[PDB]
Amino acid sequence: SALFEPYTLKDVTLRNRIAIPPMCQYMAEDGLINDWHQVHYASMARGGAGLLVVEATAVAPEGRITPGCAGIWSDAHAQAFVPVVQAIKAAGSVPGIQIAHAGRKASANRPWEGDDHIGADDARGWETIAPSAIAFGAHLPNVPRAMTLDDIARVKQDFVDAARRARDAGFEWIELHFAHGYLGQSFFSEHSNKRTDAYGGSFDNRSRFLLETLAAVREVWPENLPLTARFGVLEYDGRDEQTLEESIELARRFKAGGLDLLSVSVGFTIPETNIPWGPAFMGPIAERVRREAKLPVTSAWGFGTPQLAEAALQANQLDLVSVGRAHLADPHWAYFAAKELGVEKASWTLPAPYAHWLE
């Protein structure tokens, strides 16, 4: 089974090709994770996945999506992650973390509490920042404040500080969240970046925030640990051909800037899109990025069955398969995939107190 071949990137070895992608839990308070996350991540790591990327973790308070999002903007926040890192490691999985800034999509309600921007009368909300003072729209109508040059310098430092905190907490894998219409993605997209200074206008200027943030993180992130990013390479906004070509060129510059692997996703920068949802629909897009940027990739959004995950590898589209919702439904999904794929001693994807009885 290709899905259960180990994978080595820099000096880190994943025991299989199953990655749990970042998945916000909305259960933190003031950015501080707690027993919800401890059990959530430990249980999934024991389920057998080779890599567990902890949810989008805010580099700054206003970079949270919701009042329930995790943060790593202080050392106490980072210390809260230590037992999570150690629990993922004890299960034999590799602990990773996605550090993020929600940009204009910040200051929103939890998904089951409206999923929409928090109103100005609500005391829980806050002012959002973004490259330009233009709203996402739809259920996220709050217009963000346009960032100053000092904002840009401060946020980049927040990414540096968060990467250093993630490193010191013991994460062996970091993912910069440059996707899904949050801050980084919105600097790259002309839909949301209306700037005329050095951070908007041209391709170089729109790339500048992401390339500089990557460069600043690379200076503090160890060379022997994978430095990755999630990036939306197309929007399904009717401009996919040119957007994908620009996104792949940026991925080439990420590679030259020391990025080890690209988590290929959709931009979600604006609501006015037509995303063709279907099983493994990102397959050919991830493969094109993989081949044209010559960079290892993972992807998500419909690979969450054993056969689809395996086929994505057999087809040389992905190096790692990210399986998200299936792991919320079944924290031991990796074990389920091992069985479904007829892996030898499949039950031993799990720790002995389970494996012995399921063989």
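Only the largest set of C-alpha atoms that superpose within 1.5 Å between the two forms is called the rigid core. Just count from 1 along the sequence shown to find any residue number.
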Task: RMS Cα shift after core superposition in 6 other deposited structures of this protein, winner of 301-309 and 327-335 - done: 301-309
- [ ] Return whichever of 92-100 and 188-196 has the greater mean Cα B factor according to the PDB record.
- [x] 188-196
Open item on the list: I need to verify one thing: averaged over C-alpha atoms only, is the B-factor higher for 275-283 or for 112-120?
Closed with: 112-120
Open item on the list: If I read the C-alpha B-factors straight from the PDB entry, which of 34, 57, 305, 298 is highest?
Closed with: 34
Open item on the list: Sorting by Cα B-factor within the chain, modelled residues only, which third would residue 143 end up in: lowest, middle or highest?
Closed with: lowest
TODO: Within this chain's modelled residues, let me know which third the CA B factor of residue 61 belongs to: lowest, middle or highest.
DONE: middle
- [ ] Could you tell me which third, lowest, middle or highest, the C-alpha B-factor of residue 337 occupies within its chain?
- [x] lowest
Task: Lowest, middle or highest third - CA B-factor, residue 105 - done: lowest
Open item on the list: Where does the C-alpha B-factor of residue 165 rank in its chain, lowest, middle or highest third?
Closed with: middle
